[PDB]
Amino acid sequence: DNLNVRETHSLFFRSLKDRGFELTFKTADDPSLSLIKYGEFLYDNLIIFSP
Amino acid sequence: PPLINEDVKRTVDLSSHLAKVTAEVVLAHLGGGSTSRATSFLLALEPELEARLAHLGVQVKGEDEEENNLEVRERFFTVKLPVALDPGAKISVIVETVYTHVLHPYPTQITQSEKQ
């Protein structure tokens, strides 16, 4: 939501990475944001922490 | 017998549903020693497209087609020249190959009113 949320949610994401996930943090309003590209589903899991 | 190619112009045609590549290659023989043998010259294929070859042909100056024998080296194709070349001479050879089942459609699922 503000890109500083990762700092205040650090514990959850550290655990999530320790399990072995590849986390990419973006801002909900980002022009380079997309899920499918030529029918591929380049992101296998999605997490919305942006109310 | 040790020789290099001076100028090679290769054109790949993809406007079909199969890829046709044509290479004009000029074989030159480095003038080292009086060994004038220079009879057959090797031809090679990349490993990824080895199984996708269809028909390989060699034409020279527009004249009669030469004959190529499949060859294994410890795949390759050996080409027997009509007139062996002495050291210091250049021959213009044309290698034309056709590859089938090489253009994969990337979206792979296309609606009726779309492009491919």
# chains A, B, ... in the order shown; residues from 1 in each chain; ligands from 1

$ interface_residues --of "chain A" --to "chain B" --cutoff "10 Å" --atoms "only C-alpha atoms" --output "JSON, numbers by chain"
{"A": [37, 38, 39, 40]}

$ write_last_selection --atoms "N, CA and C atoms" --output "tab-separated table (two decimals), in the first residue's frame"
chain	number	residue	atom	x	y	z
A	37	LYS	N	0.79	-12.71	-19.32
A	37	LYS	CA	1.46	-12.13	-20.48
A	37	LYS	C	1.52	-13.21	-21.54
A	38	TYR	N	0.66	-13.09	-22.56
A	38	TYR	CA	0.51	-14.10	-23.61
A	38	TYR	C	0.07	-15.44	-23.03
A	39	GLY	N	-0.83	-15.39	-22.05
A	39	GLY	CA	-1.38	-16.58	-21.43
A	39	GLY	C	-0.35	-17.45	-20.75
A	40	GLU	N	0.28	-16.92	-19.70
A	40	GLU	CA	1.41	-17.61	-19.09
A	40	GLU	C	1.27	-17.76	-17.58

$ residues_around --residues "residue 97 (chain B)" --least-positions-apart "3" --cutoff "8 Å" --atoms "only C-alpha atoms" --output "list in words"
residues 20, 21, 22, 53, 54, 55, 56 and 57 of chain B

$ select_by_dssp --residues "chain A" --states "helix (DSSP H, G or I)" --output "VMD selection string"
chain A and resid 5 to 8 10 to 19

$ closest_residue --among "B:77, B:65, B:17, B:1" --to "residue 50 (chain B)" --atoms "only C-alpha atoms"
B:77

$ residues_around --residues "residue 49 (chain A)" --least-positions-apart "4" --cutoff "12 Å" --atoms "only C-alpha atoms" --output "VMD selection string"
chain A and resid 1 to 6 8 to 9 12 to 13 25 to 28

$ atom_distance --atom1 "CA of residue 33 (chain B)" --atom2 "CA of residue 2 (chain B)"
10.7 Å

$ decode --residues "chain A" --atoms "C-alpha atoms" --output "PDB file, in the first residue's frame"
ATOM      1  CA  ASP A   1       0.000   0.000   0.000  1.00  0.00           C
ATOM      2  CA  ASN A   2       2.761   2.473   0.890  1.00  0.00           C
ATOM      3  CA  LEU A   3       5.918   0.340   0.327  1.00  0.00           C
ATOM      4  CA  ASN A   4       6.848   0.975   3.983  1.00  0.00           C
ATOM      5  CA  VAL A   5       4.319  -1.663   5.068  1.00  0.00           C
ATOM      6  CA  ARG A   6       6.935  -4.342   4.403  1.00  0.00           C
ATOM      7  CA  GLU A   7       8.975  -2.841   7.236  1.00  0.00           C
ATOM      8  CA  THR A   8       6.083  -3.058   9.713  1.00  0.00           C
ATOM      9  CA  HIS A   9       5.075  -6.555   8.500  1.00  0.00           C
ATOM     10  CA  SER A  10       8.684  -7.806   8.388  1.00  0.00           C
ATOM     11  CA  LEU A  11       8.051 -10.865  10.580  1.00  0.00           C
ATOM     12  CA  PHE A  12       5.425 -12.431   8.300  1.00  0.00           C
ATOM     13  CA  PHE A  13       7.528 -11.896   5.164  1.00  0.00           C
ATOM     14  CA  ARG A  14      10.728 -13.182   6.770  1.00  0.00           C
ATOM     15  CA  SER A  15       8.875 -16.371   7.693  1.00  0.00           C
ATOM     16  CA  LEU A  16       7.359 -16.604   4.205  1.00  0.00           C
ATOM     17  CA  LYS A  17      10.775 -16.275   2.558  1.00  0.00           C
ATOM     18  CA  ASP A  18      12.298 -18.768   4.997  1.00  0.00           C
ATOM     19  CA  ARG A  19       9.764 -21.322   3.768  1.00  0.00           C
ATOM     20  CA  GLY A  20      11.156 -20.763   0.266  1.00  0.00           C
ATOM     21  CA  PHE A  21       8.963 -18.295  -1.629  1.00  0.00           C
ATOM     22  CA  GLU A  22      10.201 -15.568  -3.980  1.00  0.00           C
ATOM     23  CA  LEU A  23       8.606 -12.310  -2.831  1.00  0.00           C
ATOM     24  CA  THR A  24       8.315  -9.271  -5.106  1.00  0.00           C
ATOM     25  CA  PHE A  25       6.951  -6.090  -3.530  1.00  0.00           C
ATOM     26  CA  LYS A  26       5.048  -3.622  -5.700  1.00  0.00           C
ATOM     27  CA  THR A  27       2.698  -0.702  -5.098  1.00  0.00           C
ATOM     28  CA  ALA A  28      -0.964  -1.349  -5.889  1.00  0.00           C
ATOM     29  CA  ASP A  29      -0.906   1.494  -8.446  1.00  0.00           C
ATOM     30  CA  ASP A  30       2.026   0.527 -10.667  1.00  0.00           C
ATOM     31  CA  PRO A  31       1.959   0.729 -14.488  1.00  0.00           C
ATOM     32  CA  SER A  32       4.280  -2.283 -14.905  1.00  0.00           C
ATOM     33  CA  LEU A  33       1.854  -4.555 -13.027  1.00  0.00           C
ATOM     34  CA  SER A  34       0.267  -7.561 -14.734  1.00  0.00           C
ATOM     35  CA  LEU A  35      -0.505 -11.226 -14.112  1.00  0.00           C
ATOM     36  CA  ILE A  36      -0.824 -12.853 -17.541  1.00  0.00           C
ATOM     37  CA  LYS A  37       1.462 -12.130 -20.480  1.00  0.00           C
ATOM     38  CA  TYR A  38       0.509 -14.096 -23.608  1.00  0.00           C
ATOM     39  CA  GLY A  39      -1.382 -16.583 -21.434  1.00  0.00           C
ATOM     40  CA  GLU A  40       1.415 -17.605 -19.089  1.00  0.00           C
ATOM     41  CA  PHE A  41       0.472 -16.774 -15.466  1.00  0.00           C
ATOM     42  CA  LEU A  42       3.955 -15.571 -14.591  1.00  0.00           C
ATOM     43  CA  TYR A  43       3.014 -15.228 -10.886  1.00  0.00           C
ATOM     44  CA  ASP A  44       1.852 -18.424  -9.190  1.00  0.00           C
ATOM     45  CA  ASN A  45       0.723 -16.883  -5.876  1.00  0.00           C
ATOM     46  CA  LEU A  46      -0.851 -13.509  -5.176  1.00  0.00           C
ATOM     47  CA  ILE A  47      -0.955 -11.543  -1.914  1.00  0.00           C
ATOM     48  CA  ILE A  48      -2.985  -8.355  -1.430  1.00  0.00           C
ATOM     49  CA  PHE A  49      -2.021  -6.344   1.651  1.00  0.00           C
ATOM     50  CA  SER A  50      -3.419  -3.116   0.163  1.00  0.00           C
ATOM     51  CA  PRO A  51      -6.792  -2.073   1.556  1.00  0.00           C
TER      52      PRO A  51
END
